[PDB]
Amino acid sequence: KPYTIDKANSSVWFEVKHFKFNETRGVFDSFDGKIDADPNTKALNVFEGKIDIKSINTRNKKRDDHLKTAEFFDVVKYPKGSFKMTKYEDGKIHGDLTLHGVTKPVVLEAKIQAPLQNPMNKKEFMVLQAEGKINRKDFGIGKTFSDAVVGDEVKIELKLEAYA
């Protein structure tokens, strides 16, 4: 305890229904975080992070540009998203998520594997993976888009490799 996120091997994903039945996936290419944890016992002590909203991906310029617009994220007015863990208990990461200028308490379900050793450079690391779901409309993201076109519900998955 503490840990630094390896960015080449770490990821922040979302998945949202498109037209009810197809799952549209994307990432934020640019994020940062703080982690402090006991690899034995697997307790998380510190867990916060930030996403840079302009780095949203999805792999389609048209869609992604439209996502940074006032119709969805409003990147100009809100360049960042943030999450601060406020409580850890047995796999539950309770925390305040802030998106589009709104903060809501949420809970991510998490899994830690640790202590691990990078078989190349011999350095100690941990994998942290977490999953939640939120309603984009609770954060006022895309009110004008119906659930039948863009799902209200958004699955969040974090996949982190972090070096002691």
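Position 1 is the first residue in the sequence shown; the rest follow in order.
A.B. asks: Is the mean CA B factor in the deposited entry higher across 44-52 or across 133-141?
C.D. replies: Comparing averages over the C-alpha atoms only gives 133-141.
A.B. asks: 63-71 versus 31-39: which one carries the higher mean Cα B factor per the record?
C.D. replies: Higher of the two, by average CA B-factor, is 63-71.
A.B. asks: Using only the C-alpha B-factors in the record, can you name which of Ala110, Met120, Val127, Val107 has the highest?
C.D. replies: Highest CA B-factor of the listed options: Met120.
A.B. asks: Should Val150 be placed in the lowest, middle or highest third of its chain by the C-alpha B factor in the entry?
C.D. replies: As the PDB entry reports it, the C-alpha B-factor of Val150 lands in the highest third of its chain.
A.B. asks: Place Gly81 in the lowest, middle or highest third of its chain's C-alpha B-factors, as listed in the PDB entry.
C.D. replies: For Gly81, whose C-alpha B-factor we compare with every modelled residue in the chain, the answer is the highest third.
A.B. asks: So where's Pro115 on the chain's Cα temperature factor ranking, which third?
C.D. replies: It belongs to the highest third of the chain when residues are ordered by C-alpha B-factor.
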